[PDB]
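Q: The following file, run_19.tsv, comprises TSV, C-alpha atoms and all ligand atoms:
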chain	number	residue	atom	x	y	z
A	2	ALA	CA	101.35	133.33	104.36
A	3	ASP	CA	102.08	134.70	100.80
A	4	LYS	CA	105.10	132.47	101.15
A	5	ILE	CA	103.00	129.22	101.39
A	6	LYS	CA	100.53	130.56	98.87
A	7	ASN	CA	103.24	130.86	96.14
A	8	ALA	CA	105.09	127.62	97.06
A	9	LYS	CA	105.04	124.54	94.83
A	10	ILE	CA	102.16	122.43	96.07
A	11	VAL	CA	101.57	118.83	95.08
A	12	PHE	CA	98.38	116.95	95.91
A	13	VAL	CA	98.79	113.16	96.34
A	14	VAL	CA	95.56	111.31	95.79
A	15	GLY	CA	94.87	107.54	95.76
A	16	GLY	CA	92.98	104.79	97.46
A	17	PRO	CA	93.69	103.43	100.87
A	18	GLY	CA	96.79	101.24	100.59
A	19	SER	CA	97.60	102.49	97.12
A	20	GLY	CA	101.13	103.54	98.26
A	21	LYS	CA	100.85	107.30	98.74
A	22	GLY	CA	103.02	107.44	101.98
A	23	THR	CA	105.54	105.03	100.44
A	24	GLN	CA	106.09	107.27	97.44
A	25	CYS	CA	106.01	110.47	99.39
A	26	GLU	CA	108.89	109.33	101.64
A	27	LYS	CA	110.96	108.63	98.52
A	28	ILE	CA	110.12	112.08	97.13
A	29	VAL	CA	111.28	113.76	100.39
A	30	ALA	CA	114.66	111.96	100.37
A	31	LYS	CA	115.34	112.62	96.70
A	32	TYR	CA	113.91	116.20	96.25
A	33	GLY	CA	113.65	117.68	99.70
A	34	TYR	CA	109.92	118.38	99.67
A	35	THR	CA	107.90	118.72	102.89
A	36	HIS	CA	105.49	115.76	103.39
A	37	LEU	CA	102.22	116.45	105.16
A	38	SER	CA	99.97	113.45	105.67
A	39	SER	CA	96.35	114.29	106.57
A	40	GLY	CA	96.00	110.88	108.28
A	41	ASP	CA	99.24	111.35	110.34
A	42	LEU	CA	98.05	114.77	111.50
A	43	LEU	CA	94.68	113.43	112.54
A	44	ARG	CA	96.20	110.39	114.32
A	45	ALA	CA	98.58	112.76	116.15
A	46	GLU	CA	95.52	114.69	117.38
A	47	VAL	CA	93.98	111.34	118.51
A	48	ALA	CA	97.18	110.50	120.45
A	49	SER	CA	97.11	113.99	122.21
A	50	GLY	CA	94.19	112.78	124.32
A	51	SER	CA	92.02	115.81	123.46
A	52	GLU	CA	88.22	115.58	123.18
A	53	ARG	CA	88.51	116.49	119.50
A	54	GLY	CA	90.94	113.53	119.24
A	55	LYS	CA	88.27	111.15	120.73
A	56	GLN	CA	85.77	112.20	118.10
A	57	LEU	CA	88.32	111.92	115.30
A	58	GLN	CA	89.18	108.44	116.54
A	59	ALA	CA	85.49	107.41	116.24
A	60	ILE	CA	85.18	108.79	112.73
A	61	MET	CA	88.35	107.20	111.52
A	62	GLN	CA	87.65	103.81	113.13
A	63	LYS	CA	84.36	103.82	111.12
A	64	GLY	CA	86.36	104.57	107.92
A	65	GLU	CA	84.48	107.78	107.39
A	66	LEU	CA	85.64	111.23	106.27
A	67	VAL	CA	86.55	113.78	108.92
A	68	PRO	CA	84.95	117.11	108.27
A	69	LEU	CA	86.68	119.41	105.87
A	70	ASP	CA	87.22	122.26	108.25
A	71	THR	CA	88.98	120.06	110.79
A	72	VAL	CA	91.45	118.54	108.37
A	73	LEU	CA	92.10	121.73	106.43
A	74	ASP	CA	92.89	123.75	109.53
A	75	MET	CA	95.42	121.09	110.60
A	76	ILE	CA	97.06	121.05	107.18
A	77	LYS	CA	97.31	124.87	107.06
A	78	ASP	CA	98.88	125.06	110.56
A	79	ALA	CA	101.35	122.28	109.61
A	80	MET	CA	102.25	124.16	106.39
A	81	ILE	CA	102.83	127.30	108.44
A	82	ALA	CA	105.01	125.46	110.95
A	83	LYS	CA	107.33	124.45	108.07
A	84	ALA	CA	106.94	127.50	105.80
A	85	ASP	CA	110.33	129.00	106.42
A	86	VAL	CA	112.15	126.04	104.78
A	87	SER	CA	110.14	124.26	102.10
A	88	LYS	CA	111.29	123.53	98.52
A	89	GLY	CA	107.58	122.58	98.16
A	90	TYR	CA	104.81	120.67	99.78
A	91	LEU	CA	103.42	117.21	99.26
A	92	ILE	CA	99.89	117.09	100.64
A	93	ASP	CA	99.20	113.38	101.04
A	94	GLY	CA	95.60	112.25	101.61
A	95	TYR	CA	94.04	115.65	101.08
A	96	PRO	CA	91.90	116.49	99.14
A	97	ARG	CA	89.45	113.61	99.37
A	98	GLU	CA	86.48	115.48	97.96
A	99	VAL	CA	86.18	118.24	95.37
A	100	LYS	CA	85.09	120.74	97.97
A	101	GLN	CA	88.21	119.96	99.96
A	102	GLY	CA	90.35	120.96	96.94
A	103	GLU	CA	88.37	124.10	96.33
A	104	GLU	CA	88.64	125.24	99.97
A	105	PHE	CA	92.34	124.53	100.07
A	106	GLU	CA	92.75	126.77	96.96
A	107	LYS	CA	90.72	129.58	98.45
A	108	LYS	CA	92.62	129.51	101.80
A	109	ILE	CA	96.13	128.47	100.79
A	110	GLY	CA	96.95	128.24	97.08
A	111	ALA	CA	96.74	126.13	93.90
A	112	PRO	CA	98.35	122.76	93.23
A	113	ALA	CA	100.89	122.54	90.44
A	114	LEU	CA	100.66	118.73	90.21
A	115	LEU	CA	98.27	116.02	91.32
A	116	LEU	CA	99.97	112.67	91.65
A	117	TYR	CA	97.25	110.10	91.14
A	118	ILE	CA	98.49	106.96	92.90
A	119	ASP	CA	96.50	104.39	90.95
A	120	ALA	CA	96.15	100.90	92.38
A	121	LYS	CA	93.50	98.21	91.63
A	122	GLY	CA	90.76	97.79	94.12
A	123	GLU	CA	91.57	94.24	94.92
A	124	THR	CA	95.26	95.12	95.29
A	125	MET	CA	94.27	97.67	97.91
A	126	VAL	CA	92.03	95.20	99.72
A	127	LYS	CA	94.88	92.63	99.82
A	128	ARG	CA	97.47	95.23	100.85
A	129	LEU	CA	95.31	96.57	103.66
A	130	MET	CA	94.57	93.02	104.85
A	131	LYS	CA	98.30	92.07	104.74
A	132	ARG	CA	99.05	95.13	106.90
A	133	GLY	CA	96.15	94.34	109.16
A	134	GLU	CA	97.49	90.75	109.75
A	135	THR	CA	100.93	91.94	110.65
A	136	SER	CA	100.55	94.93	112.91
A	137	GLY	CA	98.20	97.17	110.94
A	138	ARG	CA	96.23	100.16	112.16
A	139	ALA	CA	92.88	99.84	113.87
A	140	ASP	CA	91.17	100.90	110.64
A	141	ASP	CA	92.80	98.03	108.70
A	142	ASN	CA	89.99	95.62	109.66
A	143	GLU	CA	87.76	94.07	106.99
A	144	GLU	CA	84.62	96.08	107.80
A	145	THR	CA	86.41	99.42	107.98
A	146	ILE	CA	88.31	98.57	104.79
A	147	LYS	CA	84.92	98.43	103.05
A	148	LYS	CA	83.90	101.89	104.15
A	149	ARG	CA	87.35	103.47	103.36
A	150	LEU	CA	87.22	102.03	99.83
A	151	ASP	CA	83.57	102.90	99.23
A	152	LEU	CA	84.23	106.55	100.10
A	153	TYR	CA	87.32	106.62	97.90
A	154	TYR	CA	85.30	105.42	94.81
A	155	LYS	CA	82.31	107.64	95.50
A	156	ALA	CA	83.81	110.88	96.93
A	157	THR	CA	87.46	110.95	96.07
A	158	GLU	CA	87.79	109.64	92.45
A	159	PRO	CA	85.83	112.72	91.37
A	160	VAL	CA	88.73	114.81	92.57
A	161	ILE	CA	90.82	113.36	89.73
A	162	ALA	CA	88.32	114.41	87.03
A	163	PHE	CA	88.08	117.79	88.62
A	164	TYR	CA	91.72	118.68	88.51
A	165	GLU	CA	92.12	116.87	85.11
A	166	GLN	CA	90.16	119.92	83.67
A	167	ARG	CA	93.38	121.92	84.37
A	168	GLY	CA	95.83	119.30	82.98
A	169	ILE	CA	97.78	118.87	86.21
A	170	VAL	CA	97.04	115.18	86.94
A	171	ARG	CA	99.75	112.54	86.37
A	172	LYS	CA	98.65	109.01	86.73
A	173	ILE	CA	101.06	106.77	88.61
A	174	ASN	CA	100.73	102.97	88.21
A	175	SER	CA	101.21	101.82	91.80
A	176	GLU	CA	100.96	98.07	90.99
A	177	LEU	CA	104.65	97.92	89.95
A	178	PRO	CA	107.54	97.28	92.36
A	179	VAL	CA	108.14	100.39	94.63
A	180	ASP	CA	111.25	101.57	92.82
A	181	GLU	CA	109.54	101.32	89.37
A	182	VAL	CA	106.57	103.33	90.67
A	183	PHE	CA	109.08	105.90	91.91
A	184	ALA	CA	110.65	106.30	88.49
A	185	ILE	CA	107.21	107.38	87.16
A	186	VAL	CA	106.73	109.80	90.11
A	187	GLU	CA	110.19	111.30	89.33
A	188	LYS	CA	109.07	112.00	85.77
A	189	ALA	CA	106.13	113.96	87.18
A	190	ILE	CA	108.15	115.80	89.82
A	191	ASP	CA	110.83	116.82	87.36
A	192	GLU	CA	108.17	118.75	85.42
A	193	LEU	CA	107.94	121.27	88.30
B	201	LIG	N1	91.47	114.65	103.61
B	201	LIG	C1	90.77	113.94	104.52
B	201	LIG	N2	89.51	114.29	104.75
B	201	LIG	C2	88.74	113.58	105.63
B	201	LIG	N3	89.17	112.56	106.34
B	201	LIG	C3	90.45	112.16	106.21
B	201	LIG	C4	91.33	112.90	105.31
B	201	LIG	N4	92.53	112.30	105.37
B	201	LIG	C5	92.45	111.28	106.17
B	201	LIG	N5	91.21	111.21	106.72
B	201	LIG	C6	90.79	110.19	107.71
B	201	LIG	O1	91.88	109.40	108.12
B	201	LIG	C7	91.74	108.08	107.64
B	201	LIG	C8	93.14	107.56	107.32
B	201	LIG	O2	93.50	108.26	106.16
B	201	LIG	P1	95.07	108.28	105.70
B	201	LIG	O3	95.94	107.65	106.67
B	201	LIG	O4	95.27	109.63	105.20
B	201	LIG	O5	95.06	107.57	104.27
B	201	LIG	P2	95.11	106.03	103.87
B	201	LIG	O6	94.85	106.22	102.42
B	201	LIG	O7	94.13	105.34	104.75
B	201	LIG	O8	96.57	105.65	104.32
B	201	LIG	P3	97.21	104.23	103.93
B	201	LIG	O9	98.36	104.37	104.79
B	201	LIG	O10	96.22	103.11	104.07
B	201	LIG	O11	97.67	104.20	102.42
B	201	LIG	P4	98.94	104.71	101.66
B	201	LIG	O12	98.28	104.87	100.28
B	201	LIG	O13	99.75	105.80	102.21
B	201	LIG	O14	99.73	103.34	101.48
B	201	LIG	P5	101.23	102.97	102.00
B	201	LIG	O15	102.26	103.71	101.22
B	201	LIG	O16	101.32	102.96	103.43
B	201	LIG	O17	101.18	101.45	101.46
B	201	LIG	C9	100.20	100.49	101.92
B	201	LIG	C10	100.81	99.13	101.97
B	201	LIG	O18	101.12	98.71	100.65
B	201	LIG	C11	102.52	98.45	100.48
B	201	LIG	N6	102.95	99.04	99.20
B	201	LIG	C12	102.99	100.36	98.86
B	201	LIG	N7	103.42	100.54	97.58
B	201	LIG	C13	103.61	99.34	97.05
B	201	LIG	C14	104.14	98.82	95.76
B	201	LIG	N8	104.43	99.59	94.73
B	201	LIG	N9	104.23	97.48	95.65
B	201	LIG	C15	103.93	96.66	96.70
B	201	LIG	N10	103.47	97.07	97.92
B	201	LIG	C16	103.32	98.38	98.13
B	201	LIG	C17	103.21	99.13	101.65
B	201	LIG	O19	104.39	98.50	102.05
B	201	LIG	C18	102.15	99.10	102.72
B	201	LIG	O20	102.17	97.86	103.38
B	201	LIG	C19	90.70	108.14	106.54
B	201	LIG	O21	90.04	106.94	106.28
B	201	LIG	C20	89.73	109.18	107.18
B	201	LIG	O22	88.95	108.49	108.15
Starting from the file, give its structure as structure tokens.
A:
Amino acid sequence: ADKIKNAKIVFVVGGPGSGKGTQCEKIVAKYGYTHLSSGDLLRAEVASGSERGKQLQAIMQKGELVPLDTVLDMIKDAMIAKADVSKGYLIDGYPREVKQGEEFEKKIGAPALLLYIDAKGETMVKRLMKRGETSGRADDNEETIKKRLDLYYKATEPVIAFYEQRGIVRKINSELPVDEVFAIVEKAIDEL
């Protein structure tokens, strides 16, 4: 526990399809951070066949936010499972609300960096549609896209302004080619 609490922790925040997972995989290979995706954890619980998984599946297929306690407990347990060995943690897709950040800080520890993966709204819509047309997830349909984006703009963008009060946000232009985005992310990571 005091081990995870004192670890470097990076929050990765950005709209659906903005390129969070993409950039996080490149961080892992280059710097050796531990990548925890809130969405991957939740989808793994869905695939387990549990009753909790059936309810998560419903929530996610509607594009809605899973309750804080559910996602936070999964993230904590996944941090613990990898605590022995981390150079640091990339928490991808959490927090999605201010209260999510605040509870993570109370239970786990503070973020040193918030990578704000910043894509245009229409770029996200097009990206999520392109994925949807070629083997996307079940939530990559048009109607669910609308709800995922709405919640990002209303609930999640406030997270940026929140952690901007402590100067830890770095804005990453995720409209550039993947490798050019990564060069900006490297600049941010090297500050740690
Ligand atoms: N904290 C939380 N609290 C409550 N509920 C939660 C929660 N976390 C999750 N949930 C629930 O789970 C759901 C799923 O959430 P989750 O899976 O966490 O998040 P997401 O934002 O929906 O995941 P995406 O995979 O759509 O986006 P990504 O930004 O990682 O993009 P990627 O790199 O793949 O890239 C997308 C596409 O774009 C392309 N691309 C990426 N970067 C670039 C680039 N620079 N140039 C060109 N194309 C690019 C990629 O090839 C790819 O095709 C939520 O809606 C909610 O229901």
Q: Please, which residues have at least one atom within 6 Å of an atom of ligand LIG 201 (chain B), using all atoms listed in the file, listed as a PyMOL selection string?
A: chain A and resi 16-23+39-40+60-61+64-69+72+94-97+128+132+149+175-179+182
Q: Give me the residues within 10 Å of residue 58 in chain A as a list in words, counting only C-alpha atoms and dropping any in the same chain fewer than 6 places off.
A: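 Residues near the query, excluding close chain neighbours: residues 43, 44, 46, 47, 48, 52, 64, 67, 139 and 140 of chain A.
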Q: Report the centre and edge lengths, in Å to one decimal, of an axis-aligned box enclosing every atom of range 163-177 of chain A listed in the file, padded by 3 Å on each side, as AutoDock Vina command-line options.
A:
--center_x 96.4 --center_y 109.9 --center_z 87.4 --size_x 22.6 --size_y 30.0 --size_z 14.8
Q: Starting from the point (107.8, 125.7, 105.6), work out which residues of protein, DNA or RNA have an atom no more than 12 Å away when counting only C-alpha atoms; state them as a VMD selection string.
A: chain A and resid 2 to 10 33 to 37 76 to 91
Q: For residue 147 in chain A, list every protein, DNA or RNA residue within 10 Å, evaluated using only C-alpha atoms, and leave out those in the same chain fewer than 6 positions away; present the list as a list in words.
A: residues 63, 64, 126, 141 and 153 of chain A
Q: Any idea what the distance is between CA of residue 104 in chain A and CA of residue 166 in chain A?
A: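 If I compute the distance from CA of residue 104 in chain A to CA of residue 166 in chain A, I get 17.2 Å.
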Q: Taking only C-alpha atoms into account, which of A:186, A:129, A:75, A:29 comes nearest residue 45 in chain A?
A: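 That would be A:75, the residue with the smallest distance to residue 45 in chain A.
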Q: At a cut-off of 12 Å around the point (111.8, 122.9, 87.8) (file coordinates), what residues fall inside when counting all atoms listed in the file? I'd like the answer as a ChimeraX atom specification.
A: /A:9,32,88-89,113,187-193
Q: Atoms to include: C-alpha atoms. Write the selected residues as a compact mmCIF listing (two decimals), in the frame of the given file.
A:
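The file below, again-v4.txt, is the result:
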# COMPACT_ATOMS: atom_id res chain seq x y z
CA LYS A 9 105.04 124.54 94.83
CA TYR A 32 113.91 116.20 96.25
CA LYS A 88 111.29 123.53 98.52
CA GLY A 89 107.58 122.58 98.16
CA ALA A 113 100.89 122.54 90.44
CA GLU A 187 110.19 111.30 89.33
CA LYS A 188 109.07 112.00 85.77
CA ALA A 189 106.13 113.96 87.18
CA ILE A 190 108.15 115.80 89.82
CA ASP A 191 110.83 116.82 87.36
CA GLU A 192 108.17 118.75 85.42
CA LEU A 193 107.94 121.27 88.30
Q: Which is closest to residue 25 in chain A among A:59, A:92, A:73, A:114, if we use all atoms listed in the file?
A: A:92
Q: Figure out the distance between CA of residue 158 in chain A and CA of residue 185 in chain A, please, to one decimal in Å.
A: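 Straight-line distance from CA of residue 185 in chain A to CA of residue 158 in chain A works out to 20.3 Å.
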Q: Taking the structure in the block just given, could you write range 39-60 of chain A with C-alpha atoms, as a PDB file, in the first residue's frame?
A:
ATOM      1  CA  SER A  39     -10.517   1.415 -16.733  1.00  0.00           C
ATOM      2  CA  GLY A  40     -12.434   0.258 -19.831  1.00  0.00           C
ATOM      3  CA  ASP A  41     -10.274  -2.930 -20.231  1.00  0.00           C
ATOM      4  CA  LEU A  42     -10.832  -3.802 -16.572  1.00  0.00           C
ATOM      5  CA  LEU A  43     -14.568  -3.353 -16.857  1.00  0.00           C
ATOM      6  CA  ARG A  44     -14.772  -5.329 -20.128  1.00  0.00           C
ATOM      7  CA  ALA A  45     -12.758  -8.128 -18.468  1.00  0.00           C
ATOM      8  CA  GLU A  46     -15.383  -8.218 -15.701  1.00  0.00           C
ATOM      9  CA  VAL A  47     -18.105  -8.397 -18.426  1.00  0.00           C
ATOM     10  CA  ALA A  48     -16.301 -11.350 -20.070  1.00  0.00           C
ATOM     11  CA  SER A  49     -16.088 -13.212 -16.649  1.00  0.00           C
ATOM     12  CA  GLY A  50     -19.816 -13.928 -16.889  1.00  0.00           C
ATOM     13  CA  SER A  51     -20.547 -12.534 -13.400  1.00  0.00           C
ATOM     14  CA  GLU A  52     -23.830 -10.785 -12.552  1.00  0.00           C
ATOM     15  CA  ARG A  53     -21.870  -7.593 -11.902  1.00  0.00           C
ATOM     16  CA  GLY A  54     -20.461  -8.056 -15.442  1.00  0.00           C
ATOM     17  CA  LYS A  55     -24.045  -8.199 -16.906  1.00  0.00           C
ATOM     18  CA  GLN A  56     -24.903  -4.903 -15.281  1.00  0.00           C
ATOM     19  CA  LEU A  57     -21.645  -3.297 -16.388  1.00  0.00           C
ATOM     20  CA  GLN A  58     -22.341  -4.489 -19.914  1.00  0.00           C
ATOM     21  CA  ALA A  59     -25.740  -2.709 -19.860  1.00  0.00           C
ATOM     22  CA  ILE A  60     -24.249   0.525 -18.584  1.00  0.00           C
TER      23      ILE A  60
END
